[PDB]
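Here the structure comes first, spelled out in structure tokens, and everything after it is commentary.
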Amino acid sequence: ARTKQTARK
Amino acid sequence: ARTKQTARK
Amino acid sequence: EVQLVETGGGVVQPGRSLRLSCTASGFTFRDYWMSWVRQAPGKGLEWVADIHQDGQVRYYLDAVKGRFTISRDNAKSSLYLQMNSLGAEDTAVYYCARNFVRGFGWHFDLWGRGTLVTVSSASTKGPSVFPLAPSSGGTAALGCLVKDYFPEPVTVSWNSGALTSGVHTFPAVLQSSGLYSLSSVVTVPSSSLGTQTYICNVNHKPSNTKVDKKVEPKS
Amino acid sequence: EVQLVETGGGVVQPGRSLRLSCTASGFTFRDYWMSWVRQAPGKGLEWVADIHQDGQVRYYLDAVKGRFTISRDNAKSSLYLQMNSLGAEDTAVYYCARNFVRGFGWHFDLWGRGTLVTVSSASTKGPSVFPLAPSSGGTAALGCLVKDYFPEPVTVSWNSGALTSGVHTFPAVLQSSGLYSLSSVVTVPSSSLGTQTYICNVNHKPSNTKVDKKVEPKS
Amino acid sequence: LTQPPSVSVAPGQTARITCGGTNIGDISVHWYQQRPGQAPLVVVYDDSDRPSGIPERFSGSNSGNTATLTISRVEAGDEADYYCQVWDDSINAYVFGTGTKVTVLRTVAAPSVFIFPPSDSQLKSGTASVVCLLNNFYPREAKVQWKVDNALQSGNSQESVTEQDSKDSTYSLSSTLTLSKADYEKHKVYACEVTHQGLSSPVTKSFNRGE
Amino acid sequence: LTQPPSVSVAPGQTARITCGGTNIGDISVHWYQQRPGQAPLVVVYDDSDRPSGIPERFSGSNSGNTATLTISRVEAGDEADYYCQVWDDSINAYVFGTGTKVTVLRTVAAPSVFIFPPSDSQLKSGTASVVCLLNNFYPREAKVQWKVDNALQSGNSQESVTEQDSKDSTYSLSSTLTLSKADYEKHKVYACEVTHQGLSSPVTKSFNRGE
């Protein structure tokens, strides 16, 4: 994803 | 916090 | 040299449109996320929009989603904000801001000086400038009275920027006529009243009005 | 001009220590997170450590936590990796890398060419260089045989870098003696054998050995 | 994000400005200083780092539900609004605190009072503005009363007050009496009477129209 | 992160390189190209952007549990190892995929065979190295057999093979026969026999010691 968020389940 | 992670509950 | 400069502010009618431009200098514009941040008169900072380096990924404040469009022209090193369906809640100083994360967190590391957008049904009106002439302990006071303009803002400098010490430019007051009025004063040594020349430089950008006025003792 | 250059590689005894340096040029070093990334011979990239711009916040691969220390000297534009208690699993090319997030995600946007650290009980040994002389269809082959060195690597160029076309420098083979051997060959037009001079330039940095050898037909 | 509207502190002492938000300690917080009419300026970023240029007296911390900007050895130059800021990854938005005005306490200081007659220029338009200036005083509270031929005026003046001066921590104030040219010429003595804690008794500045 | 060890593709056609990891689609993925003996080089970053310099034939996508590097109109120059990479915020680590070698298919091509006698220089040390060179052939599979006075050699040679040539997609190979100087001088005819799909029958290159 093109997103600045860093979390990944 | 000095962290690159972006999540906040 | 490194700087951001907003233009395109001024009065605009409710329901109508206005487009702000931000011109970047001194750095490689296309390397940065760029943003608009606004501040209603006497209120706090409010984030408005982000745009990705390549101009397509964009984020918006909810309250402006659908009415505002952020865009950019890297070849021109320029940021734009297309504002439609404007209302009184959109009246604010609009800041152009550069996005940066150095160590850990994204913030704004470069700001423009901002431009005020006033949403109003009323026509622009430039000010009249009148002298506040000194009465001739060791210190005399003089200034300019900037009267009956609309919308905000007016800026005043003294002797084209040379005179800064002891300058007070007051917040405008809203008169019963619905027009603003402002005074700018400066205290100077009395022993210069006959010697030194005092010119106030008034700028009302919303009406493209610029007035200089020299102030003397009379008799 | 913009570049990272690793030094301090070579052989090191198991249980002993080695310190790598990375010298940055062409950019403002103190503005960037910097990292070490390693690659064991024939294996994949493995992240080793990060260091924050100001040198205190640091992250480590688990397998090196406790034995490795990453540090930096911004005044010297230099990155360091202090490696202790080395074992065979630490044998790898060590890359210096710059951290960057442009739009969305952190990655490495600048790499050094890397330096090979070999953890081994054995002493360094520089190579012997022997000519592979051409036999005098329109094309002749010639080269150099680089024999009996330790540890890796050897580099070979031809005519100080001028000759690049048709060059093949083979992967070293591990000989029964426990030393490496490598050939570098090049095909050239036969009609130059009596005219053009062919010099192989061999560099074995682990033993500070540099040999040039010119190759001819014999008789 | 929640901030106290204001914090005041004596010179040389320490200002603490909090920024409240649930689990704000879990991410990075940055702080902007904004002087009146100026652009925001980063003074602390990434919880506790300082840009070059920024005095070591500015420090930050961030934990639990509260980030804190600390200004040590406060001086007049530190008067400003301060905003904390985070980035919110759940809605892709930058979030600001509501802002905190820092006021520097100083000693009581009496105003210099000046009065200015309407210009000849303005009179030709049928309106007289009489301006009373209170220059560089403290505290901000002041009472200005206009008198015309010793008649106390009411409902025909407006006041403006500067922000705290960035060098001596004082305020200045302008009061404007507005009259039609006709009512202006009907009277002689125009007086500005100033009451203030720096003055042992009221101070009056006046002029006689036509001088 | 999981990658296929290798992908092969014909010139002009399309190579697809996957990168597997749980919910990898939820974050940004970047891709490095690594030529043998060279530093990694970004070819795609932030899922699908290209650095300047990088041909438009390189594209990326990322969704669910799989990011994909796509190389269109493949040419010999695209031979390399490719690594995906993410950053893992839960342990503060950069994470790489295991890497994928891209091989470009081409037509069968016969080796040019050359044989090289030991140098006079090396002989004075008591060891003879005889080198057989197979230059620029395809496919990689080749059989090299040494014969000394027509005796098939065994156990006394080693081979090395280059990576795929970045211009013509061929391989090259060196075989070294190692003998003591004493055993070397005991025999006359040193032969290298090459079997390969580009050759209709085996090719032998040989020399007579002393020429």
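Residue numbers (the numbering used here), protein chains in the order written: chain A, 19 to 27; chain B, 19 to 27; chain C, 10 to 228; chain D, 10 to 228; chain E, 537 to 747; chain F, 537 to 747. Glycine residues also receive a C-beta, built at the ideal position from the N, C-alpha and C atoms.
*Below 9 angstroms between beta carbons is the criterion; list the residues of the segment 112 to 126 of chain D that meet it against any residue of chain A, in chain order.*
112, 113, 114 and 115
*Cα-Cα, which of 20/C, 192/C and 171/C is closest to residue 207/C?*
171/C
*Thinking just about the alpha-carbon of each residue, which of 610/E, 637/E, 585/E and 594/E is nearest to the one in residue 548/E?*
610/E
_Start and end residues, alpha helix (DSSP H) containing residue 656/F_ = 656 to 659
*Does the beta-carbon distance from residue 24/A to residue 625/F come in below 7 angstroms?*
yes
*Taking 7 angstroms as the CB-CB cut-off, is residue 678/E touching chain C?*
no
*asked:* Can you check whether the C-beta of residue 20/A is within less than 7 angstroms of a C-beta belonging to chain D?
replied: yes
*asked:* Can you pull out the residues from the segment 604 to 627 of chain F whose beta carbon lies closer than 7 angstroms to at least one beta carbon of chain B?
replied: 625
_C-beta neighbour in chain C for residue 650/E, strict 7 angstroms_ = yes
*Compare the C-beta of residue 68/D with all C-beta atoms of chain F and state if any pair is closer than 7 angstroms.*
yes
*How far does the alpha helix (DSSP H) with residue 703/E in it reach, from first residue to last?*
Note, residue 703/E: premise wrong, no alpha helix (DSSP H); not H, not E.
*With burial defined as no fewer than 16 other Cβ atoms inside 10 Å of the residue's Cβ, what is the status of residue 107/D: buried or exposed?*
buried
*Buried or exposed for residue 654/E, please, with buried defined as at least 16 other CB atoms from any protein chain shown within 10 angstroms of its CB.*
buried
_Spatially closest choice to residue 677/E from 683/E, 698/E, 686/E and 685/E, by CA coordinates_ = 698/E
*asked:* Bridge partners for residue 160/D per DSSP, in chain order?
replied: Answer is none; residue 160/D lacks a bridge partner.
*Buried or exposed for residue 73/C, please, with buried defined as at least 16 other CB atoms from any protein chain shown within 10 angstroms of its CB.*
buried
*asked:* Quick check on residue 683/F: does DSSP put it in helix, strand or coil?
replied: strand
*asked:* Determine, for residue 140/D, whether the minimum Cβ-Cβ distance to residues of chain G falls below 7 angstroms.
replied: Of the chains in the structure shown, none is chain G; the protein chains are A, B, C, D, E and F.
*Of all the residues that make up the segment 35 to 63 of chain D, which are near chain F by a beta-carbon distance shorter than 8 angstroms?*
44, 46, 53, 54, 55, 56 and 59
*Could you spell out the range, first to last residue, of the beta strand (DSSP E) harbouring residue 717/E?*
Per DSSP, residue 717/E belongs to no beta strand (DSSP E); it is in the alpha helix (DSSP H), 717 to 721.
*Could you tell me which uninterrupted alpha helix (DSSP H) segments, each at least 4 residues in length, are contained entirely in the segment 100 to 138 of chain D, listed from first to last along the chain?*
none
*Determine which residues of the segment 90 to 110 of chain D have a Cβ less than 9 angstroms from any Cβ of chain C, and write them out in chain order.*
110
_Pull the bridge partners of residue 80/C from the DSSP assignment, please._
89/C
*Going by alpha carbons, who is nearest to residue 632/E out of 65/C, 116/C and 12/C?*
116/C
*Apart from the five residues just before and just after residue 637/E, which ones in its own chain have a Cβ nearer than 6 angstroms to its Cβ?*
542 and 617
_Using beta carbons (cut-off 7 angstroms, strictly below), is residue 77/C in contact with chain E?_
no
*Express the C-alpha separation of residue 48/D and residue 101/D in angstroms, rounding to a whole number.*
5 angstroms
*Which residue or residues does DSSP assign as beta-bridge partners of residue 219/C?*
212/C
*When you compare each of 13/C, 23/C, 205/C and 228/C to residue 94/C by their alpha carbons, which one comes out closest?*
23/C
*Can you give me the Cβ contacts of residue 143/C inside the same chain, cut-off strictly under 7 angstroms, excluding the 5 residues immediately before and after it?*
149, 150, 151, 202 and 226
*Compare the C-beta of residue 811/F with all C-beta atoms of chain A and state if any pair is closer than 7 angstroms.*
Lying outside 537 to 747, the shown extent of chain F, residue 811/F is not represented and no answer is given.
*In angstroms, rounded to a whole number, what distance separates the CA positions of residue 555/E and residue 604/E?*
6 angstroms
_Same chain, Cβ closer than 7 angstroms to residue 39/D, five either side skipped, listed in chain order_ = 62 and 83
*Mind the definition here: the segment 711 to 720 of chain E touches the segment 666 to 680 of chain E only if three or more C-beta pairs lie below 8 angstroms; say whether that holds.*
yes
*I think residue 18/D touches residue 88/D, with their Cβ atoms under 8 angstroms apart; what is that distance to the nearest whole Å?*
14 angstroms between Cβ atoms; not a contact.
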